[PDB]
Structure formats: C-alpha cells, structure tokens
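Here the structure comes first, spelled out in structure tokens, and everything after it is commentary.
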Amino acid sequence: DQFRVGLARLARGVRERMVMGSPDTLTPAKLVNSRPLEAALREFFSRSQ
Amino acid sequence: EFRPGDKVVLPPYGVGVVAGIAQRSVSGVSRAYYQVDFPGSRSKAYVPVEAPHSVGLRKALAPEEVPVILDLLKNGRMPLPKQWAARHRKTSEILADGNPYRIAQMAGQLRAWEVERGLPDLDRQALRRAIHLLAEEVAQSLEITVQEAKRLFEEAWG
Amino acid sequence: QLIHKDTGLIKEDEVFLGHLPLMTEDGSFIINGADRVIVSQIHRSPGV
DNA sequence: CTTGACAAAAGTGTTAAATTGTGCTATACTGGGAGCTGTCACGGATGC
C-alpha cells in the first residue's frame, strides 16, 4: 500500500519533470527519482504506529 | 538502411551497437523496429524503421573522419550568445542533436575560452559533456579504449 | 520504456529505485541496525 | 630587592585571500490543491 502511494509521489516526480524540458535528451534514466519512493517506504518502517 | 550489426551511434545517450529488427507492439499492427544496443548501460532501444535517418539515429564517423574533428577541436571555434541563459541553451542544443562536427566545434570555442578568459561552472560542465561524447565516438570508430581517444584530444592541445 | 507520442521511437531504460528493507528469517526486519517488527493492523473490511 | 639584556608573549599596522551580498537573465509561459472518516458530553452562538 505504502509502495502504491509513495510511488504515486514518485509519479509526481515523473509527470512534472518531463515537461520543463527538451524531449531531445530524454530517458527514465534522468526522469526517475528515488527519495519520494525510498523515503516513503523508509517512513513506513519506522515512524508509523 | 540499418543492418544487423551495423555499428552506429544513437544520440544523445551515447555510442553503442544496435541489434537487428523486431516487431514491438505499439498502437495498431506491429511496426518493424531496430533493436539497438549500447555498450555500458544495460537497456534496450527500439528505433522506428519508418524514418530512422531523420529521427536522430545516425551512423558513426569512419576511421578516416577523425582528423577533421580533432582539427575542429584544436583550432575549431564558433559564435556563442552573450547572455548566459541563451549560451547555456545553445550548448544544451548542440549536446542534443548529436552532430559530431557541430559538437566538436562548440567544444572548440568553449575550450578556447576555458584556457584564456575563464569558464563558468555551467559552460564547463557542458564542455566536458562534449569532450566525453567525442571520446565515445572517437573510441568507437578507431576501435580503441576511451584512454587513447581522450589522449587524441589531449594531443590536439597538450 | 520511454515512448515518444510523436516519433513513435521506443527508448527503453532500466533504472534503480533505491534500497527497500527486506524481511529477515524469523519475520522481523532490521531498520537502523535495530531489530524491529511490523505488528498486524485490523480494520473493518472494505465494502457495503 | 635591582640594572641591563634578551627571549617570547603580545600589540599593531597593512594586505592578500575569502566570504558574502546584489542585480539580472527577453519566445512564451497569466484563477491552488489535497484529500478523510468507528465517540461523547455540554455550553453558546446561530439559523429556523
């Protein structure tokens, strides 16, 4: 579940980043993020009740 | 046009070697693609066989076209915008197109600036991008490791 | 896979998401070097 | 407890090197954004 919503935060990290730019140099290599997802799931395993 | 084992570059990402024709399901009836591979990064690529030459999938410089590029480095130059914004823009653009002559030229005037007046922390990043891509295709054409290519570029200057 | 809507050029790339904690043997994860555990939760099942 | 000599601790003057504060970039960008639940009792203002 936390993966679902966290990866949705990452989805924000995708759809928003891919239009500020130039479609010329483009690939999920530069379009994919970590911290939204990795830190969401990092958050579930500790601060949660 | 592109045969199975044609060694060609697929910009901007960098050099690599293609592999072959495939049918990948896209939209309606499957259209032929060039599976194209790359050396270091492990990811595949599919380039439309429709117009691969106009889509930015191009050939690789022959082993004989190296000296024109090295010369476009040592003495090579080109006009650049005044405002730092537009300058960065154009640098990014030439770093997009993949045109080897163009990129070599840009790297030429930029490098010419780094050794004379100075270079910002932006224009220099793009400059190194150019030198690296150059190292890639000069390594691919001349069948040498990146060391000897970058050493050809260091031969241009010192 | 990153596919352009216009050129129809498929550019496929594999990426690295991050480091996700994996379960140990007895069923207790190790977070920050300390053995911890996820206690089950309970709620009224979704529906009408 | 005293005088001169002298090493170091300390004072001060002037600069080089760093740190920090400011202004501006011209194609065109022109009304957000995220959701949450399974009380309960009474007192007061407020809408019937």
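Lettering and numbering for the structure tokens are positional, with chains as A, B, ... in the shown order, residues counted from 1 in each chain, and ligands counted from 1 in the shown order.
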- Task: Check the DSSP output for the backbone and give back, as a ChimeraX atom specification, the residues of chain B in alpha helix (DSSP H).
- Result: /B:66-74,84-97,100-114,123-141,146-156
- Task: When you get a sec, could you note down which chain A residues fall within 12 Å of chain C, using only C-alpha atoms, as a VMD selection string?
- Result: chain A and resid 2 to 3 6 to 7 10 14 18 23 to 49
For the residues in the current selection, export N, CA, C and O atoms as a compact mmCIF listing (two decimals), in the first residue's frame.
```txt
# COMPACT_ATOMS: atom_id res chain seq x y z
N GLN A 2 1.79 1.32 0.97
CA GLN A 2 2.74 2.43 1.07
C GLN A 2 3.59 2.58 -0.18
O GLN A 2 3.99 3.68 -0.55
N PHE A 3 3.87 1.45 -0.82
CA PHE A 3 4.58 1.48 -2.09
C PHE A 3 3.68 2.16 -3.12
O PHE A 3 4.14 2.98 -3.89
N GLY A 6 3.46 6.05 -2.17
CA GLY A 6 4.80 6.62 -2.29
C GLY A 6 5.24 6.71 -3.75
O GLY A 6 5.74 7.74 -4.21
N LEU A 7 5.03 5.62 -4.49
CA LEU A 7 5.31 5.60 -5.91
C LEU A 7 4.41 6.56 -6.67
O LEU A 7 4.73 6.95 -7.79
N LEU A 10 6.32 9.58 -6.44
CA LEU A 10 7.32 9.46 -7.50
C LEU A 10 6.70 9.74 -8.87
O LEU A 10 7.37 10.24 -9.77
N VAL A 14 7.70 12.22 -11.87
CA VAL A 14 7.85 11.87 -13.28
C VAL A 14 7.12 12.84 -14.21
O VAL A 14 7.75 13.51 -15.03
N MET A 18 9.18 15.80 -16.71
CA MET A 18 9.35 15.53 -18.14
C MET A 18 8.76 16.64 -18.99
O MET A 18 9.08 16.74 -20.18
N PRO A 23 12.47 17.29 -25.03
CA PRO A 23 12.25 15.87 -25.34
C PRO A 23 13.44 15.22 -26.06
O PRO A 23 13.50 14.00 -26.16
N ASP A 24 14.36 16.04 -26.57
CA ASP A 24 15.56 15.57 -27.25
C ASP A 24 16.35 14.57 -26.40
O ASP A 24 16.40 13.38 -26.72
N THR A 25 16.96 15.05 -25.31
CA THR A 25 17.63 14.15 -24.38
C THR A 25 16.60 13.79 -23.34
O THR A 25 16.26 14.60 -22.47
N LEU A 26 16.12 12.56 -23.43
CA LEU A 26 15.08 12.07 -22.53
C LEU A 26 15.15 10.56 -22.42
O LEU A 26 15.38 9.85 -23.40
N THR A 27 14.89 10.08 -21.21
CA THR A 27 15.01 8.68 -20.84
C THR A 27 14.67 8.61 -19.36
O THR A 27 14.93 9.57 -18.63
N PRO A 28 14.08 7.50 -18.90
CA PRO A 28 13.79 7.43 -17.46
C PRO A 28 15.05 7.49 -16.60
O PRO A 28 14.94 7.71 -15.40
N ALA A 29 16.22 7.30 -17.21
CA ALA A 29 17.49 7.48 -16.50
C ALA A 29 17.52 8.84 -15.80
O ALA A 29 17.85 8.91 -14.61
N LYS A 30 17.19 9.90 -16.52
CA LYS A 30 17.15 11.24 -15.93
C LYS A 30 15.76 11.62 -15.38
O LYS A 30 15.63 12.59 -14.64
N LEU A 31 14.73 10.86 -15.75
CA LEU A 31 13.36 11.19 -15.36
C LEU A 31 12.90 10.50 -14.06
O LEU A 31 11.90 10.90 -13.45
N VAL A 32 13.65 9.50 -13.61
CA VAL A 32 13.25 8.73 -12.44
C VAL A 32 13.93 9.25 -11.19
O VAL A 32 15.11 9.58 -11.21
N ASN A 33 13.16 9.32 -10.10
CA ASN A 33 13.67 9.81 -8.83
C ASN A 33 13.74 8.67 -7.80
O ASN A 33 13.39 7.53 -8.11
N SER A 34 14.20 8.98 -6.60
CA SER A 34 14.39 7.98 -5.56
C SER A 34 13.71 8.38 -4.25
O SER A 34 12.83 7.67 -3.76
N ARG A 35 14.16 9.50 -3.70
CA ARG A 35 13.72 9.99 -2.39
C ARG A 35 12.21 9.98 -2.15
O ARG A 35 11.80 9.63 -1.05
N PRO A 36 11.39 10.37 -3.14
CA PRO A 36 9.97 10.24 -2.80
C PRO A 36 9.61 8.81 -2.40
O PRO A 36 9.05 8.59 -1.32
N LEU A 37 10.02 7.85 -3.23
CA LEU A 37 9.70 6.44 -3.01
C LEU A 37 10.49 5.87 -1.84
O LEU A 37 9.91 5.45 -0.83
N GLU A 38 11.81 5.86 -1.99
CA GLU A 38 12.72 5.32 -0.98
C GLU A 38 12.46 5.89 0.41
O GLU A 38 12.51 5.15 1.39
N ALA A 39 12.19 7.19 0.51
CA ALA A 39 11.91 7.80 1.81
C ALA A 39 10.47 7.59 2.28
O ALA A 39 10.19 7.66 3.48
N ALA A 40 9.54 7.36 1.34
CA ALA A 40 8.18 7.00 1.75
C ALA A 40 8.22 5.65 2.47
O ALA A 40 7.75 5.50 3.61
N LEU A 41 8.81 4.68 1.79
CA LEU A 41 8.94 3.35 2.35
C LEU A 41 9.87 3.33 3.57
O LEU A 41 9.67 2.54 4.49
N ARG A 42 10.87 4.21 3.58
CA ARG A 42 11.72 4.39 4.77
C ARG A 42 10.89 4.92 5.93
O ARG A 42 11.17 4.61 7.10
N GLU A 43 9.87 5.71 5.61
CA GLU A 43 8.99 6.30 6.61
C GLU A 43 8.02 5.26 7.18
O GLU A 43 7.72 5.29 8.38
N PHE A 44 7.53 4.35 6.34
CA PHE A 44 6.59 3.33 6.81
C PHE A 44 7.19 2.42 7.89
O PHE A 44 6.50 2.04 8.84
N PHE A 45 8.46 2.08 7.74
CA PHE A 45 9.09 1.08 8.60
C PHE A 45 9.57 1.61 9.96
O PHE A 45 10.05 0.84 10.79
N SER A 46 9.44 2.91 10.19
CA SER A 46 9.93 3.50 11.44
C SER A 46 8.89 4.35 12.17
O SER A 46 8.42 3.99 13.25
N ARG A 47 8.52 5.48 11.58
CA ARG A 47 7.72 6.50 12.26
C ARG A 47 6.26 6.07 12.41
O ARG A 47 5.51 6.66 13.19
N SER A 48 5.87 5.06 11.64
CA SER A 48 4.50 4.56 11.68
C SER A 48 4.20 3.87 13.00
O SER A 48 5.11 3.44 13.71
N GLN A 49 2.92 3.77 13.33
CA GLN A 49 2.48 3.22 14.60
C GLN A 49 2.56 1.69 14.62
O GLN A 49 2.65 1.07 15.68
```
- Pairwise distance, atom CA of residue B:1 with atom CA of residue B:106, equals 29.5 Å
- Item | residue B:5 surroundings by only C-alpha atoms (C1' of nucleotides), 9 Å radius, close-in-sequence under 6 positions cut, as an MDAnalysis selection string | chainID B and resid 17:20
- Could you please tell me, as a PyMOL selection string, which residues of chain B have an atom within 10 Å of chain C when using only C-alpha atoms? chain B and resi 24+26-27+31+33-36+41-52+55
Could you turn the residues from that selection into a file that holds N, CA and C atoms, as a JSON list (two decimals), in the first residue's frame?
```json
[["chain", "number", "residue", "atom", "x", "y", "z"],
["B", 24, "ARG", "N", 7.61, -4.76, -32.18],
["B", 24, "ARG", "CA", 7.19, -4.40, -30.83],
["B", 24, "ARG", "C", 5.76, -3.88, -30.91],
["B", 26, "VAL", "N", 2.95, -1.62, -30.68],
["B", 26, "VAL", "CA", 2.74, -0.19, -30.49],
["B", 26, "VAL", "C", 1.51, 0.21, -31.29],
["B", 27, "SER", "N", 0.54, 0.87, -30.64],
["B", 27, "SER", "CA", -0.68, 1.30, -31.30],
["B", 27, "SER", "C", -1.40, 0.12, -31.97],
["B", 31, "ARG", "N", 4.83, -2.48, -35.99],
["B", 31, "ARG", "CA", 5.74, -1.93, -36.98],
["B", 31, "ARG", "C", 7.16, -2.37, -36.67],
["B", 33, "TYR", "N", 11.04, -2.46, -35.96],
["B", 33, "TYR", "CA", 11.91, -1.59, -35.19],
["B", 33, "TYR", "C", 13.33, -2.07, -35.33],
["B", 34, "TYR", "N", 14.28, -1.18, -35.10],
["B", 34, "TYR", "CA", 15.64, -1.60, -34.87],
["B", 34, "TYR", "C", 15.83, -1.72, -33.37],
["B", 35, "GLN", "N", 15.93, -2.94, -32.85],
["B", 35, "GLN", "CA", 16.53, -3.09, -31.53],
["B", 35, "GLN", "C", 17.93, -2.58, -31.79],
["B", 36, "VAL", "N", 18.34, -1.67, -30.91],
["B", 36, "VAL", "CA", 19.63, -1.00, -30.94],
["B", 36, "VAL", "C", 20.34, -1.18, -29.60],
["B", 41, "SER", "N", 25.66, 0.86, -20.33],
["B", 41, "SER", "CA", 24.38, 0.91, -19.66],
["B", 41, "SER", "C", 23.56, -0.23, -20.20],
["B", 42, "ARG", "N", 22.89, -0.97, -19.33],
["B", 42, "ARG", "CA", 22.11, -2.07, -19.83],
["B", 42, "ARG", "C", 20.67, -1.63, -19.93],
["B", 43, "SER", "N", 20.30, -1.32, -21.17],
["B", 43, "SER", "CA", 18.94, -1.01, -21.54],
["B", 43, "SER", "C", 18.83, -1.25, -23.04],
["B", 44, "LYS", "N", 17.67, -1.71, -23.50],
["B", 44, "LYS", "CA", 17.48, -1.90, -24.93],
["B", 44, "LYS", "C", 16.92, -0.62, -25.53],
["B", 45, "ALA", "N", 16.77, -0.60, -26.84],
["B", 45, "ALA", "CA", 16.16, 0.54, -27.52],
["B", 45, "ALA", "C", 15.48, 0.05, -28.80],
["B", 46, "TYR", "N", 14.36, 0.69, -29.16],
["B", 46, "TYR", "CA", 13.66, 0.35, -30.40],
["B", 46, "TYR", "C", 13.47, 1.59, -31.26],
["B", 47, "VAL", "N", 14.13, 1.62, -32.42],
["B", 47, "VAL", "CA", 14.05, 2.77, -33.33],
["B", 47, "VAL", "C", 13.20, 2.46, -34.57],
["B", 48, "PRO", "N", 12.15, 3.27, -34.80],
["B", 48, "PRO", "CA", 11.24, 3.05, -35.93],
["B", 48, "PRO", "C", 11.97, 2.94, -37.27],
["B", 49, "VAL", "N", 11.66, 1.90, -38.04],
["B", 49, "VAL", "CA", 12.30, 1.69, -39.33],
["B", 49, "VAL", "C", 11.70, 2.62, -40.38],
["B", 50, "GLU", "N", 10.64, 3.33, -39.99],
["B", 50, "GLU", "CA", 9.97, 4.30, -40.86],
["B", 50, "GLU", "C", 10.97, 5.30, -41.42],
["B", 51, "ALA", "N", 11.47, 6.17, -40.54],
["B", 51, "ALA", "CA", 12.47, 7.16, -40.91],
["B", 51, "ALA", "C", 13.56, 7.24, -39.84],
["B", 52, "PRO", "N", 14.41, 6.20, -39.75],
["B", 52, "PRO", "CA", 15.44, 6.15, -38.72],
["B", 52, "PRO", "C", 16.55, 7.18, -38.93],
["B", 55, "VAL", "N", 15.25, 10.62, -37.59],
["B", 55, "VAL", "CA", 14.76, 10.59, -36.22],
["B", 55, "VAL", "C", 15.89, 10.83, -35.22]]
```
- Where in stretch 8-146 of chain B does DSSP assign strand (DSSP E), given as a list in words?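 Filtering stretch 8-146 of chain B down to strand (DSSP E) leaves residues 18, 19, 20, 21, 22, 23, 24, 31, 32, 33, 34, 35, 36, 45, 46, 47 and 48 of chain B.
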Hey, can you spit out that residue selection with N, CA and C atoms as a JSON list (two decimals), in the first residue's frame?
```
[["chain", "number", "residue", "atom", "x", "y", "z"],
["B", 18, "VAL", "N", 23.72, -1.25, -32.15],
["B", 18, "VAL", "CA", 22.34, -1.66, -32.49],
["B", 18, "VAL", "C", 22.10, -3.15, -32.21],
["B", 19, "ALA", "N", 20.90, -3.70, -32.11],
["B", 19, "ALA", "CA", 20.79, -5.08, -32.64],
["B", 19, "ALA", "C", 19.48, -5.39, -33.37],
["B", 20, "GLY", "N", 19.51, -5.36, -34.69],
["B", 20, "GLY", "CA", 18.54, -6.05, -35.51],
["B", 20, "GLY", "C", 17.14, -5.48, -35.64],
["B", 21, "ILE", "N", 16.24, -6.26, -36.24],
["B", 21, "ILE", "CA", 14.86, -5.85, -36.47],
["B", 21, "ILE", "C", 13.91, -6.64, -35.56],
["B", 22, "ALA", "N", 12.91, -5.97, -34.99],
["B", 22, "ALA", "CA", 11.91, -6.62, -34.13],
["B", 22, "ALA", "C", 10.50, -6.11, -34.45],
["B", 23, "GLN", "N", 9.48, -6.81, -33.96],
["B", 23, "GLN", "CA", 8.12, -6.27, -34.01],
["B", 23, "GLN", "C", 7.68, -6.02, -32.58],
["B", 24, "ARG", "N", 7.61, -4.76, -32.18],
["B", 24, "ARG", "CA", 7.19, -4.40, -30.83],
["B", 24, "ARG", "C", 5.76, -3.88, -30.91],
["B", 31, "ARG", "N", 4.83, -2.48, -35.99],
["B", 31, "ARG", "CA", 5.74, -1.93, -36.98],
["B", 31, "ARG", "C", 7.16, -2.37, -36.67],
["B", 32, "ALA", "N", 7.94, -2.63, -37.72],
["B", 32, "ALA", "CA", 9.33, -3.05, -37.55],
["B", 32, "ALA", "C", 10.13, -1.99, -36.81],
["B", 33, "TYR", "N", 11.04, -2.46, -35.96],
["B", 33, "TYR", "CA", 11.91, -1.59, -35.19],
["B", 33, "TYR", "C", 13.33, -2.07, -35.33],
["B", 34, "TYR", "N", 14.28, -1.18, -35.10],
["B", 34, "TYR", "CA", 15.64, -1.60, -34.87],
["B", 34, "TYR", "C", 15.83, -1.72, -33.37],
["B", 35, "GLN", "N", 15.93, -2.94, -32.85],
["B", 35, "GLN", "CA", 16.53, -3.09, -31.53],
["B", 35, "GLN", "C", 17.93, -2.58, -31.79],
["B", 36, "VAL", "N", 18.34, -1.67, -30.91],
["B", 36, "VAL", "CA", 19.63, -1.00, -30.94],
["B", 36, "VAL", "C", 20.34, -1.18, -29.60],
["B", 45, "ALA", "N", 16.77, -0.60, -26.84],
["B", 45, "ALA", "CA", 16.16, 0.54, -27.52],
["B", 45, "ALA", "C", 15.48, 0.05, -28.80],
["B", 46, "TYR", "N", 14.36, 0.69, -29.16],
["B", 46, "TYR", "CA", 13.66, 0.35, -30.40],
["B", 46, "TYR", "C", 13.47, 1.59, -31.26],
["B", 47, "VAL", "N", 14.13, 1.62, -32.42],
["B", 47, "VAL", "CA", 14.05, 2.77, -33.33],
["B", 47, "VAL", "C", 13.20, 2.46, -34.57],
["B", 48, "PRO", "N", 12.15, 3.27, -34.80],
["B", 48, "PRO", "CA", 11.24, 3.05, -35.93],
["B", 48, "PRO", "C", 11.97, 2.94, -37.27]]
```
- Considering only C-alpha atoms (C1' of nucleotides), return as an NGL selection string whatever protein or nucleic-acid residues lie within 8 Å of stretch 7-14 of chain B, sequence-local ones (same chain, fewer than 2 positions apart) excluded. (:A and (24-25)) or (:B and (5 or 16-18 or 38 or 56-60 or 95-98 or 133 or 136-137))
- Task: Counting only C-alpha atoms (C1' of nucleotides), collect the residues of chain D whose closest atom lies at most 12 Å from chain B, and write them out as a list in words.
- Result: residues 24, 25, 26 and 27 of chain D
Print the selection's residues with N, CA and C atoms (P, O5', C5', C4', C3', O3' and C1' of nucleotides) to a file, as a tab-separated table (two decimals), in the first residue's frame.
```tsv
chain	number	residue	atom	x	y	z
D	24	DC	P	19.19	45.25	-12.00
D	24	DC	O5'	19.38	43.91	-12.84
D	24	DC	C5'	20.63	43.62	-13.43
D	24	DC	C4'	20.55	42.38	-14.30
D	24	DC	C3'	19.22	42.17	-15.02
D	24	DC	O3'	19.46	41.84	-16.38
D	24	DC	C1'	19.81	40.22	-13.81
D	25	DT	P	18.26	41.78	-17.44
D	25	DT	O5'	18.41	40.32	-18.06
D	25	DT	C5'	19.70	39.81	-18.36
D	25	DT	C4'	19.64	38.32	-18.63
D	25	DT	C3'	18.44	37.88	-19.46
D	25	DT	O3'	18.84	37.08	-20.56
D	25	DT	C1'	18.61	36.58	-17.48
D	26	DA	P	18.11	37.25	-21.98
D	26	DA	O5'	16.59	37.56	-21.59
D	26	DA	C5'	15.67	36.50	-21.36
D	26	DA	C4'	14.44	36.67	-22.22
D	26	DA	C3'	14.71	36.63	-23.72
D	26	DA	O3'	13.71	35.90	-24.37
D	26	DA	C1'	13.86	38.78	-23.09
D	27	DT	P	14.11	35.03	-25.65
D	27	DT	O5'	12.71	34.70	-26.34
D	27	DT	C5'	12.43	35.17	-27.65
D	27	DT	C4'	10.97	34.94	-28.00
D	27	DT	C3'	9.97	35.46	-26.98
D	27	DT	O3'	8.79	35.91	-27.63
D	27	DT	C1'	9.79	33.10	-27.13
```
- Task: Have a look at atom CA of residue B:152 and atom CA of residue B:70 and let me know their distance in Å, one decimal.
- Result: 7.6 Å
- Task: Would you kindly return, as a PyMOL selection string, each protein, DNA or RNA residue with an atom no farther than 12 Å from any atom of residue B:102, considering only C-alpha atoms (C1' of nucleotides) and excluding same-chain residues fewer than 3 positions away?
- Result: chain B and resi 68-69+72-73+76-79+90-91+93-99+105-109+130+134
